[PDB]
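Coming up is one lone chain in structure tokens, specifically the form solved without its partner chain.
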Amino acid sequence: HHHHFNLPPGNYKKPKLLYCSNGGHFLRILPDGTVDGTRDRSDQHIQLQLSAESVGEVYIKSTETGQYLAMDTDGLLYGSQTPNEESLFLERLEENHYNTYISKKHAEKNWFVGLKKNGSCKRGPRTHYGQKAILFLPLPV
């Protein structure tokens, strides 16, 4: 482990909306495998179903397309057809309140899932502890 084990409360029974406090965008996985954020709560690609692999590890999948969130070798996020090693994220509590997601495969480099105020996703290496971009609040759908 290169990371703490403070886990957020909550379960994966129902799908969720990953709201990012940085710009107020919901994490979105488009059909063409593109990943970004939108403030449109009616968007049909922001409904995400989380599932646990091992305690504290999750998959984040679009309930609309079935694509799995994943982060590539350059730290770029994209939607995957099937759940691979790049699709696993460490879901942790942050600042005693928010949820953060670290790429399991790139955990040693502290690459996080994150959204900029303009709604575009952050690239792995550009993320780090302390940023508001990495802070998420799961909301019911």
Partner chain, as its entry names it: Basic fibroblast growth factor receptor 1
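Numbering follows the first chain given and starts at 1.
This next part talks about the form deposited with its partner chain bound, which is not shown.
**Student:** So in the deposited complex, does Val58 come within 4.5 Å of its partner chain, heavy atom to heavy atom?
**Tutor:** Flag for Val58 set to yes.
**Student:** Do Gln47 and its partner chain share at least one heavy atom pair within 4.5 Å in the deposited complex?
**Tutor:** No, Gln47 stays farther than 4.5 Å from its partner chain in the deposited complex.
**Student:** Decide whether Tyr98 counts as a contact residue for its partner chain in the deposited complex under a heavy atom distance cut-off of 4.5 Å.
**Tutor:** Within the cut-off, so yes.
**Student:** Please check if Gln81 has a heavy atom lying within 4.5 Å of any heavy atom of its partner chain in the deposited complex.
**Tutor:** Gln81: no, not in contact with its partner chain in the deposited complex.
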